[PDB]
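Student: Pasting a structure here, questions to come.
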Amino acid sequence: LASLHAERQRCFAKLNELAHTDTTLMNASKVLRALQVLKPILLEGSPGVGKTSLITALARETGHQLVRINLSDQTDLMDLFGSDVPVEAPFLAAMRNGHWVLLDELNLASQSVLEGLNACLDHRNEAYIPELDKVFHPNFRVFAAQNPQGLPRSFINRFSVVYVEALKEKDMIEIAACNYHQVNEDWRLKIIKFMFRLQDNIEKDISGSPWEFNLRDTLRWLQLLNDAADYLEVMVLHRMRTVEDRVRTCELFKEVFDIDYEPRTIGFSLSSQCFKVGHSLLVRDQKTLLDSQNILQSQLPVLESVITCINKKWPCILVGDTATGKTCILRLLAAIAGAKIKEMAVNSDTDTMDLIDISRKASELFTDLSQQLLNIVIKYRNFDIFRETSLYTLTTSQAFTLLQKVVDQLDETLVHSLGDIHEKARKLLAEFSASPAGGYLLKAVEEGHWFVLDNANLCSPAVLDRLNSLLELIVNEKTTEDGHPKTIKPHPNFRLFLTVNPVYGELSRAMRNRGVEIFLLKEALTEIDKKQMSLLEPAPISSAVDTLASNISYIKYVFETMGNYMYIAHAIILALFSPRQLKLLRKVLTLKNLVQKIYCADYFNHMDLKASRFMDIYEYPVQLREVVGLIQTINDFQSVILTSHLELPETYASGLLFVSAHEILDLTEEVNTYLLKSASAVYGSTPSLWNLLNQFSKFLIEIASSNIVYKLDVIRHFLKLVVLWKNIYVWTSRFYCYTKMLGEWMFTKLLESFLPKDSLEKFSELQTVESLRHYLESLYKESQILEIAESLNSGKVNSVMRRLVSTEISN
Amino acid sequence: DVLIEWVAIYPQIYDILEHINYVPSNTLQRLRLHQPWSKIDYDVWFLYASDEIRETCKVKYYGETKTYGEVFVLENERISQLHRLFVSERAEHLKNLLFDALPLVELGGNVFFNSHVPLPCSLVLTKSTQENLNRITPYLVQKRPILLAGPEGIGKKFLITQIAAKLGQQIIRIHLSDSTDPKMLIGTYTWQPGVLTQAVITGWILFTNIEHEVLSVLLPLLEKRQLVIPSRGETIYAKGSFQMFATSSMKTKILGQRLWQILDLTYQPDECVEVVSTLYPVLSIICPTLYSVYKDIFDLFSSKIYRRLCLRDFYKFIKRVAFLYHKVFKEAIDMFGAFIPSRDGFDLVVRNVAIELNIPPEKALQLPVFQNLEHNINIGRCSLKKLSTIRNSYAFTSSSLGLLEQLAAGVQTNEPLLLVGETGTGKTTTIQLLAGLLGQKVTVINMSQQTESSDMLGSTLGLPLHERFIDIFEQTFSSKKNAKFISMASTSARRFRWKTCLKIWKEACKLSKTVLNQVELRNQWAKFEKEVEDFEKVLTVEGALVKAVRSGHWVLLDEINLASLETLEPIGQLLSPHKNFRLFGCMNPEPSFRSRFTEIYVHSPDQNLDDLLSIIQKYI
Ligand SMILES: Nc1ncnc2c1ncn2[C@@H]1O[C@H](COP(=O)(O)OP(=O)(O)NP(=O)(O)O)[C@@H](O)[C@H]1O
Ligand SMILES: Nc1ncnc2c1ncn2[C@@H]1O[C@H](COP(=O)(O)OP(=O)(O)NP(=O)(O)O)[C@@H](O)[C@H]1O
Ligand SMILES: Nc1ncnc2c1ncn2[C@@H]1O[C@H](COP(=O)(O)OP(=O)(O)NP(=O)(O)O)[C@@H](O)[C@H]1O
């Protein structure tokens, strides 16, 4: 451990008894001390780094060329001394011209090339046995990548080993200084200290895996921050699988970051141009898969965390445990995205050549002809003609009928764009009577599909190593011709999505240290289990991957999940459904029947300038492009409305104010038995109650429809009077006390209490606290309705609506 | 026609009736064509995109009314109410009612329609097997991949076999193993036909020993009825009855997720009726008295029970009793406990048997040479019509007579047989009685060294050839003192390091091209170069039991008591085309291989205090 550092001091004690970055400069100072003695320099360091600590130092070293000799399996000694020409070289040039010869992966050598490198390592000119007698520049120091350990004890005791250490914490801040443009700098120091103490505390207890927690994750969180402290915790502790360890990690997050890691509830907003969940959108643009698995709403807490990982072009790792649903996560994600999922089950002890004869090309030609005809008939839906017979033939060696295909390719500009691939491949296919000579990911890395290395726990370390060479893009193949790599940089829409399981061995620490680990588990929420196992029941909730169906689905659900009442009901119901769903509910035209009146009155005045506050209020904070979600928008700024601004919450209560106002106003138009007597005595005698009601209800409808009405927590105090006028129209002798109560809620701006001042002074010209009873009854019943709707929003029992009304229930 | 109305209501019986003859329509091809893999090209509105193309296309006459596209929500509850109503048996009566517009409607446990053929249909029952056929009618109608994990010896392979006999299906039964290549999966090159690919091509199928990574090579078929043909490059539409049923009694595979597992169960005493069903002239309960004798054998076992009396064992006793009953049979069950390494224990088995039998014939308990002319065997209440007579030391002692009579009784019945002992001469008795009957061929596969594949089934060749030809052509093109070290590195690299020599071929081919009686050698260097390039692209059998079973040898699998898990040999035993094989194995002292071979112990045929005079006479 680090106590060896202390013991180094103890070592230094026995020494004393005998008597570009910062830490990177210390390691480079060690390598400079190493070069003072003529031997091979080995990098005896922990993994994750690579030879960058020597790939960079040559630039600061006296013009020393970087012979990065990537010593591998297929590497003969004749590929390291050469010169064998019939008369009638990188390691060779490095033996000729002096250079830094970076020998990568000595442990992966063939053990005579190992003997050749053992021969070459002499201080004096080499006199090789194995090919030629000797191959004598006289400073050609050769550095050695002592890879993840293997090496022979003679080759690994003739060299010199340099211990490459890790990164220091203030030095990690120095490395973070290249990212601290869009970073609160103290929050940057908090993220760095959080990852450091997280690994230092996780490496001392029960929590299972190796639990790497490296600096690449710190820089990943920092560069995740710059695209707007919650998302950092979400995708840096969704990857703790055991829930008890997740609780302990949240406790450590409170210990360091000093907050409460209440889970931001996510929600499935699935519109046409975008499907989005919880601080993550997706470019849902041309759709290939046409799948058969449903939305799986309980997986919504992690389906987002890979969707963000699908957008940040990070390495997708749907890691975790078996049969919990992992192929369906990536299936549904790139199914809604349409990103052409295609999978390779790399656990069959497959090889690196497996990732990177006439009739095979003929069948591939028929399939690609069908694909291009499909994309053709997508846009310009005009074609038919044996072209449809050409299509039927396309989905149908004795392949002479393919020549008939080219005849159909024989007989416009869209036809020109199709025949660009088609006539070219078919004119090549004219050679289907000629001489033959007979990749996996290199198909998808050059096309635009999304690749799924499924079940990929146990294939090989080195296969995933050659994958991780492409993880960080340019790909170096070997199926090219002579001397050129030709890396394919078409990575746009090409995502390495790797499943795993815990049954076999875990993914190796390199690919763990260079990816976005994302566990999964089992929850089975209510509508989730209703829709997943729905083959007996009548309905799912989100029953498609097409939004015009999902709208009528959820609108058929929550307008059927509804089971002085209907106020908070109609308010929350017309508060949780989407605006597109609001238009749809109007289009689809007990309490749901009366909601059509609320629909007409809402399209009159749901959010006239309340939407202007929401737009301007919504606009200052980072916000979406359109109007898809509302209560999820209310739930979505869950840290922001935890900033006490309440820009989104006050709109929610204002909606309740408008609906309750409409109820009170229709009741007052009905006012247009003792109250019946006073309202009649508009036309017992000498009324005082009727004006005392009608003017205050006019004050209500005034408070409904107006700029400061938008600018009006105080809306709760007005709603207290709304419940009060309700409770007096129910509580319609006691006129003096009831008037004193109305005067208290006035004692709780000019006009909205001025009308109470007029009606009260008129009633006093004529002239218990149970308002808290039905008031707290309304608070509690709306809290119940808030939970019953936040079910159909996400499925966990908490909300910004819920925490707000809970703190209101403190009063 | 409109019976696709109830298309996915019941299982794919309606889809199979469509696969007889069906066409599309607007809402029809909207409905039935949504299967897990196709290419649409008739209405690709559904699959082209989910934007306002698909989000706003059309749908013709959804309840005979024309909504737009998302009438899926009109239908993905309408079909779900039917899927609820079908939980309320007469479901197949409703399906046969629904077929009201007369094909090969097979009944069964529930229903089928596999219009291929009937079959021989042997293995019948009206027992716990009827409840097993009830438990497996459902998924076989639903065409998910099934499995079966009951306890051993229920005839689950025979259950699936007779189930396929109720169908018009031929269960190719691949006993996949932990040494399987992708050959009988798909074949190979360096383009082969393939076996699993052939059944996928032609169309049920059965696999066994699945429990003990090539499972993933079949997982493409299990996700959807199509395969990963990597070389030919075409997934196969498996458009028949390709139900890839398996068998193993555990749960550890991906099929534990993927395949709809099921649990068989068998009431063993109904075997009493079963052999009564099987052997018609064993209608006496002397059969069931022998079942009681098996129970008494179990009670005597429970000096060391290295065997377990089973319904397979009782069926083999019924087999040997059937071999008898052409013609009492105390000797029959006396053979049925011959695997008993104490002769006192043999006597106790005899006492148990005589308790089940009539009075004491100990005369039979210690009871001949031959009548060896043309059906040239008659040894010991058992004859053998030997074939193509060929024949050292012959007809040894009374113990040898007993072992020969026991092996005769085994050979007449077409069973497996072993002999555990200490001499290494049960094989001598085996080859002796082989030739003394006829001698088919003693294919004495000593199965203790070549572990498991070389019994069952099954490269510097061109390298020395090309080393010779390139030595000759560099002798022709270049010179001795000129290309000397080039020749020496064409040599030292040729001594079985056969991939750097590709460079010594190629660069010499380059200089030979630069060397341009003449044109003949030019084409010689050119063809040598092209052949070397074919090899340098290439640089990056017949089983003995199979040759026997096609030939007609005697499979003397010796030393099975020191082998590995080569249980594919027991599967090949469980296969039993043939005329007269002889799997007379030879142990030497396995819980299911050694419980499937009707064994006969040896009694060290040297000890009678004057029988050594017989072998001493034949030797001296
Ligand atoms: N949207 C969904 N619709 C239906 N089933 C789903 C859905 N999401 C998850 N599932 C469940 O997950 C299964 C499909 O994913 P799954 O088969 O578990 O992949 P996987 O087997 O977990 N790959 P692995 O990680 O090796 O186990 C289904 O059979 C259900 O049990
Ligand atoms: N209903 C039946 N009708 C006729 N024979 C039957 C029936 N049920 C069982 N048997 C017999 O029971 C025996 C079962 O042994 P067998 O199938 O040969 O090995 P096995 O039991 O399949 N080994 P395993 O596959 O693991 O069960 C067969 O010989 C069948 O003839
Ligand atoms: N049917 C038979 N007819 C004649 N002799 C028989 C017969 N069956 C067995 N024997 C005798 O049984 C003995 C078998 O012994 P054998 O196995 O040949 O000796 P061995 O010690 O194993 N040979 P070795 O491998 O050198 O040790 C021989 O004496 C045979 O003659």
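Chain labels follow the order of the structure tokens: the first chain is A, the next B, and so on; residue numbering restarts at 1 in every chain, and ligands are counted from 1 in their shown order.
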Mind checking which residues fall within 9 Å of residue 374 of chain A, counting only C-alpha atoms, ignoring those fewer than 4 positions away in the same chain, and posting them as a ChimeraX atom specification?
Tutor: /A:369-370,378 /B:41,44,48
Student: Per residue of chain B within 6 Å of ligand 2, record the nearest atom pair and its distance in Å to one decimal, counting only C-alpha atoms and all ligand atoms, with rows in chain order and ascending residue number, as JSON lines.
Tutor:
{"residue": "B:123", "atom": "CA", "partner": "ligand 2", "partner_atom_place_in_ligand_line": "3 (N)", "distance": 3.4}
{"residue": "B:124", "atom": "CA", "partner": "ligand 2", "partner_atom_place_in_ligand_line": "1 (N)", "distance": 4.2}
{"residue": "B:125", "atom": "CA", "partner": "ligand 2", "partner_atom_place_in_ligand_line": "1 (N)", "distance": 4.1}
{"residue": "B:152", "atom": "CA", "partner": "ligand 2", "partner_atom_place_in_ligand_line": "26 (O)", "distance": 4.8}
{"residue": "B:153", "atom": "CA", "partner": "ligand 2", "partner_atom_place_in_ligand_line": "21 (O)", "distance": 3.3}
{"residue": "B:154", "atom": "CA", "partner": "ligand 2", "partner_atom_place_in_ligand_line": "27 (O)", "distance": 4.6}
{"residue": "B:155", "atom": "CA", "partner": "ligand 2", "partner_atom_place_in_ligand_line": "21 (O)", "distance": 3.5}
{"residue": "B:156", "atom": "CA", "partner": "ligand 2", "partner_atom_place_in_ligand_line": "27 (O)", "distance": 4.7}
{"residue": "B:157", "atom": "CA", "partner": "ligand 2", "partner_atom_place_in_ligand_line": "25 (O)", "distance": 4.4}
{"residue": "B:158", "atom": "CA", "partner": "ligand 2", "partner_atom_place_in_ligand_line": "17 (O)", "distance": 4.8}
{"residue": "B:312", "atom": "CA", "partner": "ligand 2", "partner_atom_place_in_ligand_line": "15 (O)", "distance": 5.1}
Student: Using N, CA, C and O atoms, can you write the selected residues to a file as an mmCIF file, in the first residue's frame?
Tutor:
data_model
loop_
_atom_site.group_PDB
_atom_site.id
_atom_site.type_symbol
_atom_site.label_atom_id
_atom_site.label_comp_id
_atom_site.auth_asym_id
_atom_site.auth_seq_id
_atom_site.Cartn_x
_atom_site.Cartn_y
_atom_site.Cartn_z
ATOM 1 N N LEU B 123 -43.757 -46.517 -29.487
ATOM 2 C CA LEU B 123 -43.739 -46.400 -28.032
ATOM 3 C C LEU B 123 -44.997 -45.768 -27.449
ATOM 4 O O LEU B 123 -45.025 -44.562 -27.198
ATOM 5 N N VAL B 124 -46.025 -46.573 -27.204
ATOM 6 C CA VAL B 124 -47.302 -46.073 -26.722
ATOM 7 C C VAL B 124 -47.443 -46.352 -25.232
ATOM 8 O O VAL B 124 -46.796 -47.241 -24.672
ATOM 9 N N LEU B 125 -48.321 -45.584 -24.586
ATOM 10 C CA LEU B 125 -48.622 -45.706 -23.163
ATOM 11 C C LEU B 125 -49.897 -44.942 -22.856
ATOM 12 O O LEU B 125 -50.352 -44.109 -23.644
ATOM 13 N N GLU B 152 -33.404 -40.000 -14.559
ATOM 14 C CA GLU B 152 -32.805 -40.798 -15.623
ATOM 15 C C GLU B 152 -33.603 -42.059 -15.913
ATOM 16 O O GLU B 152 -34.177 -42.675 -15.013
ATOM 17 N N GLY B 153 -33.646 -42.432 -17.186
ATOM 18 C CA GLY B 153 -34.261 -43.676 -17.582
ATOM 19 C C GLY B 153 -35.751 -43.631 -17.793
ATOM 20 O O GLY B 153 -36.385 -44.688 -17.830
ATOM 21 N N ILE B 154 -36.340 -42.443 -17.950
ATOM 22 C CA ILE B 154 -37.769 -42.366 -18.239
ATOM 23 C C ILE B 154 -38.080 -42.567 -19.711
ATOM 24 O O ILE B 154 -39.255 -42.514 -20.096
ATOM 25 N N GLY B 155 -37.072 -42.792 -20.546
ATOM 26 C CA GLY B 155 -37.304 -42.906 -21.972
ATOM 27 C C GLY B 155 -37.638 -41.579 -22.606
ATOM 28 O O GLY B 155 -38.465 -41.525 -23.523
ATOM 29 N N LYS B 156 -37.026 -40.502 -22.113
ATOM 30 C CA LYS B 156 -37.338 -39.169 -22.608
ATOM 31 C C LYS B 156 -36.928 -39.013 -24.062
ATOM 32 O O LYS B 156 -37.636 -38.373 -24.845
ATOM 33 N N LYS B 157 -35.801 -39.612 -24.442
ATOM 34 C CA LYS B 157 -35.441 -39.656 -25.848
ATOM 35 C C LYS B 157 -36.443 -40.492 -26.626
ATOM 36 O O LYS B 157 -36.849 -40.118 -27.729
ATOM 37 N N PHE B 158 -36.906 -41.590 -26.034
ATOM 38 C CA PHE B 158 -37.952 -42.374 -26.678
ATOM 39 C C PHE B 158 -39.282 -41.649 -26.642
ATOM 40 O O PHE B 158 -40.106 -41.828 -27.545
ATOM 41 N N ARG B 312 -35.006 -49.955 -17.755
ATOM 42 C CA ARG B 312 -34.202 -50.446 -18.865
ATOM 43 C C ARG B 312 -33.698 -51.855 -18.590
ATOM 44 O O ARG B 312 -33.720 -52.711 -19.481
#
Student: Find, counting only C-alpha atoms, the residue in A:49, A:93, A:541, A:715 that gets nearest to residue 167 of chain A.
Tutor: A:49
Student: Using only C-alpha atoms and a distance of at most 6 Å, pull out the residues of chain B that contact chain A, as a compact mmCIF listing (two decimals) with N, CA, C and O atoms, in the first residue's frame.
Tutor:
# COMPACT_ATOMS: atom_id res chain seq x y z
N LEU B 47 -42.14 -0.80 -41.59
CA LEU B 47 -40.74 -0.83 -41.16
C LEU B 47 -39.77 0.21 -41.73
O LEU B 47 -38.60 0.24 -41.32
N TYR B 48 -40.21 1.07 -42.64
CA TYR B 48 -39.27 2.03 -43.21
C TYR B 48 -38.71 3.04 -42.20
O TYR B 48 -37.50 3.25 -42.15
N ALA B 49 -39.59 3.63 -41.40
CA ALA B 49 -39.21 4.61 -40.38
C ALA B 49 -40.35 4.83 -39.38
O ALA B 49 -41.49 4.45 -39.65
N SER B 50 -40.05 5.44 -38.24
CA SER B 50 -41.12 5.75 -37.29
C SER B 50 -41.48 7.23 -37.23
O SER B 50 -42.37 7.60 -36.46
N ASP B 51 -40.86 8.06 -38.06
CA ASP B 51 -41.28 9.44 -38.26
C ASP B 51 -42.62 9.50 -38.97
O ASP B 51 -43.22 8.46 -39.27
N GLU B 70 -51.35 4.02 -36.59
CA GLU B 70 -51.37 3.69 -35.18
C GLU B 70 -52.64 2.99 -34.77
O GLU B 70 -52.97 2.94 -33.57
N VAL B 73 -52.75 0.44 -31.96
CA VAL B 73 -53.40 0.59 -30.67
C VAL B 73 -54.86 0.21 -30.75
O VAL B 73 -55.46 -0.16 -29.74
N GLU B 77 -54.94 -4.14 -28.35
CA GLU B 77 -55.78 -4.49 -27.22
C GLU B 77 -56.85 -5.45 -27.71
O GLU B 77 -57.28 -6.34 -26.97
N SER B 80 -55.52 -8.61 -27.64
CA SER B 80 -55.22 -9.02 -26.27
C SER B 80 -56.46 -9.47 -25.53
O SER B 80 -56.36 -10.32 -24.63
N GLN B 81 -57.64 -8.96 -25.90
CA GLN B 81 -58.87 -9.46 -25.31
C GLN B 81 -59.15 -10.88 -25.78
O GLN B 81 -59.66 -11.71 -25.01
N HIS B 83 -56.66 -12.90 -26.49
CA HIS B 83 -55.65 -13.67 -25.77
C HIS B 83 -56.03 -13.89 -24.31
O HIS B 83 -55.54 -14.83 -23.68
N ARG B 84 -56.89 -13.03 -23.77
CA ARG B 84 -57.48 -13.31 -22.47
C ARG B 84 -58.59 -14.34 -22.58
O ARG B 84 -58.69 -15.24 -21.73
N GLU B 213 -19.39 -23.47 -25.46
CA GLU B 213 -19.38 -22.21 -26.19
C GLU B 213 -20.00 -22.41 -27.55
O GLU B 213 -20.49 -21.46 -28.15
N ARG B 232 -20.78 -19.00 -46.59
CA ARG B 232 -21.74 -18.80 -47.67
C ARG B 232 -22.50 -17.49 -47.51
O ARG B 232 -22.93 -16.90 -48.50
N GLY B 233 -22.65 -17.01 -46.27
CA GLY B 233 -23.19 -15.69 -46.04
C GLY B 233 -24.68 -15.57 -46.28
O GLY B 233 -25.12 -14.69 -47.02
N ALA B 483 23.11 -17.46 -54.19
CA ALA B 483 21.98 -17.47 -53.28
C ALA B 483 22.21 -18.39 -52.10
O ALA B 483 21.25 -19.01 -51.60
Student: Compile the contact shell of segment 311-321 of chain A as a ChimeraX atom specification: residues with an atom at most 8 Å away, counting only C-alpha atoms, same-chain residues fewer than 4 positions apart removed.
Tutor: /A:241,282,306-307,326,330,471,495-503,514-521
Student: Name the residues of segment 151-389 of chain B that fall into helix (DSSP H, G or I) according to DSSP on the backbone, using the chain letters and numbers of this document, as an MDAnalysis selection string.
Tutor: chainID B and resid 156:166 196:202 215:223 255:258 268:278 280:282 286:301 311:324 330:335 343:356 362:365
Student: Limited to C-alpha atoms, could you put the picked residues into a file as an mmCIF file, in the first residue's frame?
Tutor:
data_model
loop_
_atom_site.group_PDB
_atom_site.id
_atom_site.type_symbol
_atom_site.label_atom_id
_atom_site.label_comp_id
_atom_site.auth_asym_id
_atom_site.auth_seq_id
_atom_site.Cartn_x
_atom_site.Cartn_y
_atom_site.Cartn_z
ATOM 1 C CA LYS B 156 -37.338 -39.169 -22.608
ATOM 2 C CA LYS B 157 -35.441 -39.656 -25.848
ATOM 3 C CA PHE B 158 -37.952 -42.374 -26.678
ATOM 4 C CA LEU B 159 -40.702 -40.020 -25.546
ATOM 5 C CA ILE B 160 -39.561 -37.412 -28.041
ATOM 6 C CA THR B 161 -39.005 -40.128 -30.627
ATOM 7 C CA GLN B 162 -42.534 -41.464 -30.425
ATOM 8 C CA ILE B 163 -43.787 -37.874 -30.190
ATOM 9 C CA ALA B 164 -42.126 -37.241 -33.534
ATOM 10 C CA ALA B 165 -43.675 -40.473 -34.732
ATOM 11 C CA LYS B 166 -47.047 -38.960 -33.911
ATOM 12 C CA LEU B 196 -27.554 -29.097 -38.433
ATOM 13 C CA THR B 197 -27.647 -26.768 -41.408
ATOM 14 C CA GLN B 198 -29.151 -29.623 -43.410
ATOM 15 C CA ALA B 199 -31.978 -30.146 -40.939
ATOM 16 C CA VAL B 200 -32.478 -26.400 -40.816
ATOM 17 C CA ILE B 201 -32.498 -26.500 -44.652
ATOM 18 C CA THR B 202 -34.828 -29.533 -45.143
ATOM 19 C CA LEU B 215 -24.083 -23.619 -27.650
ATOM 20 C CA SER B 216 -23.741 -20.004 -28.753
ATOM 21 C CA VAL B 217 -23.206 -21.259 -32.295
ATOM 22 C CA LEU B 218 -26.763 -22.605 -32.057
ATOM 23 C CA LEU B 219 -28.080 -19.599 -30.117
ATOM 24 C CA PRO B 220 -28.630 -17.774 -33.435
ATOM 25 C CA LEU B 221 -31.155 -20.496 -34.251
ATOM 26 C CA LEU B 222 -32.693 -20.170 -30.808
ATOM 27 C CA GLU B 223 -33.231 -16.429 -31.049
ATOM 28 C CA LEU B 255 -31.439 -22.418 -22.957
ATOM 29 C CA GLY B 256 -32.418 -22.175 -19.292
ATOM 30 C CA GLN B 257 -33.289 -18.679 -20.349
ATOM 31 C CA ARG B 258 -33.930 -19.437 -23.979
ATOM 32 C CA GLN B 268 -42.376 -46.999 -12.944
ATOM 33 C CA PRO B 269 -44.787 -49.842 -12.004
ATOM 34 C CA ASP B 270 -46.862 -49.069 -15.101
ATOM 35 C CA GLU B 271 -43.937 -50.791 -16.865
ATOM 36 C CA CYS B 272 -45.929 -53.889 -15.858
ATOM 37 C CA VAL B 273 -48.509 -53.004 -18.475
ATOM 38 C CA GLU B 274 -45.899 -51.613 -20.865
ATOM 39 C CA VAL B 275 -44.033 -54.829 -21.602
ATOM 40 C CA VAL B 276 -47.485 -56.395 -21.553
ATOM 41 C CA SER B 277 -48.144 -53.882 -24.280
ATOM 42 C CA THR B 278 -44.740 -54.556 -25.837
ATOM 43 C CA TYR B 280 -47.746 -59.685 -26.785
ATOM 44 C CA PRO B 281 -47.063 -63.297 -25.753
ATOM 45 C CA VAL B 282 -45.790 -62.258 -22.346
ATOM 46 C CA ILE B 286 -44.823 -63.995 -14.881
ATOM 47 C CA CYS B 287 -43.496 -60.823 -16.460
ATOM 48 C CA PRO B 288 -44.737 -58.917 -13.391
ATOM 49 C CA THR B 289 -43.404 -61.721 -11.243
ATOM 50 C CA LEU B 290 -40.041 -60.981 -12.809
ATOM 51 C CA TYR B 291 -40.621 -57.334 -11.948
ATOM 52 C CA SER B 292 -41.097 -58.521 -8.380
ATOM 53 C CA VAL B 293 -37.905 -60.522 -8.859
ATOM 54 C CA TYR B 294 -36.192 -57.266 -9.786
ATOM 55 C CA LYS B 295 -37.607 -55.777 -6.609
ATOM 56 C CA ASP B 296 -36.201 -58.716 -4.654
ATOM 57 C CA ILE B 297 -32.873 -58.201 -6.424
ATOM 58 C CA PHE B 298 -32.977 -54.603 -5.220
ATOM 59 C CA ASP B 299 -33.707 -55.872 -1.711
ATOM 60 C CA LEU B 300 -30.741 -58.242 -1.851
ATOM 61 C CA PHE B 301 -28.569 -55.369 -3.041
ATOM 62 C CA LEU B 311 -36.780 -50.213 -16.104
ATOM 63 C CA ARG B 312 -34.202 -50.446 -18.865
ATOM 64 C CA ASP B 313 -32.775 -53.454 -17.022
ATOM 65 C CA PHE B 314 -36.227 -54.966 -16.568
ATOM 66 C CA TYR B 315 -36.882 -54.297 -20.241
ATOM 67 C CA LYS B 316 -33.688 -56.138 -21.139
ATOM 68 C CA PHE B 317 -34.781 -58.997 -18.918
ATOM 69 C CA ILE B 318 -38.047 -58.927 -20.833
ATOM 70 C CA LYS B 319 -35.937 -59.045 -23.979
ATOM 71 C CA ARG B 320 -33.951 -62.111 -22.948
ATOM 72 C CA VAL B 321 -37.156 -63.739 -21.703
ATOM 73 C CA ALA B 322 -38.673 -63.003 -25.094
ATOM 74 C CA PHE B 323 -35.672 -64.685 -26.687
ATOM 75 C CA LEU B 324 -36.433 -67.630 -24.439
ATOM 76 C CA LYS B 330 -34.713 -69.872 -14.177
ATOM 77 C CA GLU B 331 -31.480 -69.754 -16.163
ATOM 78 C CA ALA B 332 -32.718 -66.538 -17.761
ATOM 79 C CA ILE B 333 -32.850 -64.446 -14.613
ATOM 80 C CA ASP B 334 -29.842 -66.443 -13.444
ATOM 81 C CA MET B 335 -28.034 -64.620 -16.212
ATOM 82 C CA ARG B 343 -20.393 -66.585 -6.156
ATOM 83 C CA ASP B 344 -22.125 -66.700 -2.782
ATOM 84 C CA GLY B 345 -23.954 -63.571 -3.895
ATOM 85 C CA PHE B 346 -24.816 -65.344 -7.131
ATOM 86 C CA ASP B 347 -26.248 -68.163 -5.028
ATOM 87 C CA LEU B 348 -28.269 -65.665 -2.998
ATOM 88 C CA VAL B 349 -29.633 -64.173 -6.205
ATOM 89 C CA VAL B 350 -30.462 -67.733 -7.209
ATOM 90 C CA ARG B 351 -32.297 -68.300 -3.942
ATOM 91 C CA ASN B 352 -34.255 -65.077 -4.391
ATOM 92 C CA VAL B 353 -35.067 -66.155 -7.927
ATOM 93 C CA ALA B 354 -36.130 -69.659 -6.933
ATOM 94 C CA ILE B 355 -38.317 -68.029 -4.305
ATOM 95 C CA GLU B 356 -39.892 -66.105 -7.163
ATOM 96 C CA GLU B 362 -29.440 -76.256 -8.544
ATOM 97 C CA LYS B 363 -28.659 -78.668 -11.386
ATOM 98 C CA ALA B 364 -29.094 -75.656 -13.658
ATOM 99 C CA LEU B 365 -26.965 -73.566 -11.286
#
Student: As an MDAnalysis selection string, please: every protein or nucleic acid residue near ligand 3 (cut-off 9 Å, counting only C-alpha atoms and all ligand atoms).
Tutor: chainID B and resid 392:397 399:401 403:404 423:433 436 605:606 612 614:616 618:619
Student: Give me the residues near residue 145 of chain B as an MDAnalysis selection string, where near means some atom within 8 Å (using only C-alpha atoms) and where sequence neighbours in that chain fewer than 3 positions away do not count.
Tutor: chainID B and resid 139 222 243:246 258:260
Student: Between atom CA of residue 147 of chain B and atom CA of residue 262 of chain B, what is the distance in Å, rounded to a tenth?
Tutor: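 Between atom CA of residue 147 of chain B and atom CA of residue 262 of chain B the gap works out to 5.9 Å.
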Student: Quick one: residues within 12 Å of residue 630 of chain A, only C-alpha atoms, excluding same-chain residues fewer than 4 positions away - as an MDAnalysis selection string?
Tutor: chainID A and resid 267:269 572:582 607 611 614:615 618 624 626 634:637 648:649 651:652 655 793 801
Student: Mind checking which residues fall within 10 Å of residue 638 of chain A, counting only C-alpha atoms, ignoring those fewer than 3 positions away in the same chain, and posting them as number ranges by chain?
Tutor: A: 230, 262-265, 632-635, 641-643, 648, 799-800
